[PDB]
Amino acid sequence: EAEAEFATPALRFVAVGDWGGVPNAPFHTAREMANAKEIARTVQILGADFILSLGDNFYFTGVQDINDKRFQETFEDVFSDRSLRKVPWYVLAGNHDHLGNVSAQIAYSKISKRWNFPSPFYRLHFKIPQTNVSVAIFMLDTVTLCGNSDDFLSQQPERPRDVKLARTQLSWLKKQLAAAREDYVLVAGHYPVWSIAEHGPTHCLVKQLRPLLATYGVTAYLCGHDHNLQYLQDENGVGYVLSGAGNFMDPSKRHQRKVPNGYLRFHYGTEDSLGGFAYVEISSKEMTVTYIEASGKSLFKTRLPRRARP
């Protein structure tokens, strides 16, 4: 019957990176606040089961301890609209967070109900509600894997501080990807695999992480670190969602030529913009990704079919 209304079930989330305000009063920017507002509107119109932070949570040197007012001034008070208050955040660290006390950002999980950061790297598991279809997300700490970009003049992480700790995270990720039975597998980290902008591809991730994405049928890798919005897709059908425009916009196309031809499907970096983020919908059929500006405009939309997995 025409009047019978059945919704397509979907898991829905916002992916926002590099939103961490500024280290001087009032500890936030016009861009951070504009994005907090458009994120709230997006949750209230389209819905969201959670928010994923892609690192650089507090600029410029993270936090000192669990009592640092930055938690209040840059996070709690900014993302304060009532449509957001109970929506959980699942968080990982970026380079700027490792310049401070990262353990304090893990511990803050015990104080704020909505802040979830149980360890430097971890696995999340979700069902698409009202179905049997499941999604895994692996949250990586790319600083301990590759090094901190701020230690090098190139701003390219050239070596990890502790090689055995790096190797442990990579071995963990291999064991997990190999054993994952979920219908969709996503991996997230602060640093990019591919990006055409100011930092560009992270060589450590192109060498060590990229091979695993194809081997184990990962749908997408999500990241920030470059302060813009990009969508890329490789020959194996793996998507690269870059969303690091929660606070800054950088128009650099400096590494355009370091990315293989065909990969870039979308880039938005104009420095007039107030930034943006990405909204992801996962249904039984496909994963949809919409990039949304803080003005409210839809910039770009693409789909990733569900694939059978080994």
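All residue numbers refer to positions in the sequence shown, first residue = 1.
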- Could you settle it for me: does 11-19 or 293-301 have the higher average Cα B factor in the PDB entry? 293-301
- Query: As stated in the PDB record, which stretch has the larger average Cα B-factor, 276-284 or 262-270?
  - Reply: 262-270
- Query: Between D68, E38, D49, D250, which one tops the list for C-alpha B-factor in the PDB entry?
  - Reply: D250
- Item | Residue with highest C-alpha B-factor in the PDB entry, from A188, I111, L213, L173 | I111
- Query: Among the chain's modelled residues, which third holds the C-alpha B-factor of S243?
  - Reply: lowest
- Task: Among all modelled residues of this chain, ranked by Cα B factor, put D162 in the bottom, middle or top third, i.e. lowest, middle or highest.
- Result: highest
- Query: What third of the chain, by the recorded C-alpha B-factor, contains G237?
  - Reply: highest
- Is the Cα B-factor recorded for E182 in the lowest, middle or highest third of its chain? middle
- Compared with the other modelled residues in the chain, in which third is the CA B-factor of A197? middle
